[PDB]
Structure formats: structure tokens, C-alpha cells
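Student: Got a structure for you, written out below as C-alpha cells; questions coming shortly.
Don't worry about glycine lacking a Cβ; one is built from the backbone with ideal geometry, like all the others, and counts go over all protein chains shown. A short reminder: the numbers here are calculations on the coordinates, not readings from a lab.
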Amino acid sequence: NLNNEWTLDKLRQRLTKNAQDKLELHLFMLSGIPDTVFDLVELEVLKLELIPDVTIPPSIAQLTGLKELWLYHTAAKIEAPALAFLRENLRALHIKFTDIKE
Amino acid sequence: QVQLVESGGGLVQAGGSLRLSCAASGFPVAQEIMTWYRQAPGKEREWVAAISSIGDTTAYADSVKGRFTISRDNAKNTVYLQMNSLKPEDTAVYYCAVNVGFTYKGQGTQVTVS
């Protein structure tokens, strides 16, 4: 239902222009990552905060321009294709945590 | 040594307005997540509203959609719990929590609503 909630237009309206001059899409206080955010391949920096029981979908490979991933108090699992794509494409990682398991 | 004290209680019916202060101490660190919890007598923990570590983005529960609001000011290390058009069923003692090692729940100030 969350994937159905956020359309492409709503996410594109949620886009932000950060101080580093790159396309920012900020999601905060959500159960998980909507799969619609991976349709906008022009995303450059992705910020996720307090996302519980989150598994990184393989669809992350669509985000060709993804460079920065922000994980705020969030422990995430990742698929093997998604792991390979992040290993070969990721540039910046922002980790804010309060426990080892995070 | 960070302590979260709460105030702003009172007696008022629906359509009132109050600002519960989540004042912190020790040192200025008021740039973290402040998770508000509400506890009516006879129930358990229920999250109210949380603020992102950035501080520019937040959201509240769907039951208080469009009425509840939160704000903060690092000048005196406090977080104000803005309220307006409250339902008569919201009369409870609230708590604000910031997760730094522990989910510290403050003293708790009761708000009386008829």
C-alpha cells in the first residue's frame, strides 16, 4: 500500500536541491522504501531515516545516478544483485546509529 | 546527565492550544530525534510525533493529522509540542524521548481536557 501511495509525481515534488548541487529525495518516518522511488533514475542522493525491517530491493540498480545513501538509525538487509550494484556504483554513505545492530 | 522536563499542562475543553516543552539540559545536543509518547491511564506506550535529525522534516499520527505540530529551538535546548483543536479524548500525561543510548522518557506532565 505504501508503494501504491507514492506516485512518481509526488516523489518528484518531494525532490530537493541540497547544498552539494545534486538531486535529493528525502524519505523520513516510513515503514519501508517505496519501490516507486527507484523509477526516478535521476536521483543522486538518497536519505532514509528510521526505516525498520528494511530489505534493499534488487530494483536499486535502476538508480544509475545514485551516489549518496543516508542511513539514520536504520539497519537494512540487502539482496545480492543490490549488493553488487552498490559495490560498483555507490559513492557516499551516511551512517547515523545508536547501537551495534543498527 | 541529559534530563527532559515537561510543562504546559492545564484545563481546557476542545479547541484549546498548548505547547508542551521538551527541555533538555547538560549540553546543547538538541539536533536529534525527539519521539513523543502518550500514556492515558490504563494503557501502554503510543508514539505521538517524531522529528528528523535534520529537523526540517517530520510527521505525526493520522489521528492528529492537520492539528498536531512540533517545533524546536536549540537556543535553550527545548522542543515545543504544539497543540490546537484537541479532541476531548486527548487528556493524558505525555512523554518525549530521544534515543541516545536509552529511550529517555521525561517526568511527564498531565494535561486535563474536558
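Student: Would you give the gap between the C-alpha center of the range B:58-92 and the C-alpha center of the range A:29-102, rounded to a whole Å?
Tutor: So the two Cα centres are separated by 30 Å.
Student: Another question, if that's okay. Under 15 Å from the Cβ of A:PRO81, count the other residues' Cβ atoms, weight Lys and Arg +1, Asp and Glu -1, and hand me the total.
Tutor: Net of charged neighbours comes to -1.
Student: In a shell of Cβ-Cβ distance under 15 Å around A:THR55, excluding A:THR55 itself, what net charge do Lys and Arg (+1) and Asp and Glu (-1) give?
Tutor: Neighbour charge sum, excluding A:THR55 itself: -2.
Student: Count the net charge of all other residues whose Cβ sits under 14 Å from the Cβ of A:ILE33, scoring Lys and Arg as +1 and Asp and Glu as -1.
Tutor: -3
Student: Let me ask you something else. Most exposed first by the Cβ proxy, i.e. fewest other Cβ within 10 Å, how do B:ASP90, B:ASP56 rank?
Tutor: Fewest to most other Cβ atoms nearby, the residues stand as B:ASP56, B:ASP90.
Student: Take the residue pairs A:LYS10/A:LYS77; A:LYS47/A:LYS77; A:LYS67/A:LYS101 and return only those whose Cα atoms are more than 21 Å apart.
Tutor: A:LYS10/A:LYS77; A:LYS67/A:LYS101
Student: In the P(r) worked out for chain B, what percent of Cα pairs fall beyond 16 Å?
Tutor: When all Cα pairs of chain B are counted, 57 percent exceed 16 Å.
Student: Ok, one more. Mind putting a number on the dipole of chain B about its Cα centre? Charges go on the C-beta only, +1 for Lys and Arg and -1 for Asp and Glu, and I need it in Debye to the nearest 20.
Tutor: For chain B, the charge dipole is close to 120 debye.
Student: Still on this model: Run lengths n ≥ 4 of DSSP H only: what is the helix-derived mean residue ellipticity at 222 nm for the protein assembly as shown, with -39500 (n - 2.57) per run over all residues, to the nearest 500?
Tutor: Taking each H run of at least 4 residues, the total per residue is -2000 deg cm²/dmol.
Student: Could you give each residue of the range A:50-65 its phi-based ³J(HN,Hα) in whole Hz, using Karplus coefficients 6.51, -1.76, 1.60 with θ = phi - 60°, and x for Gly or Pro?
Tutor: Residue by residue, the range A:50-65 yields 6, 10, x, 6, 8, 10, 6, x, x, 5, 5, 5, 5, 6, 5, x Hz.
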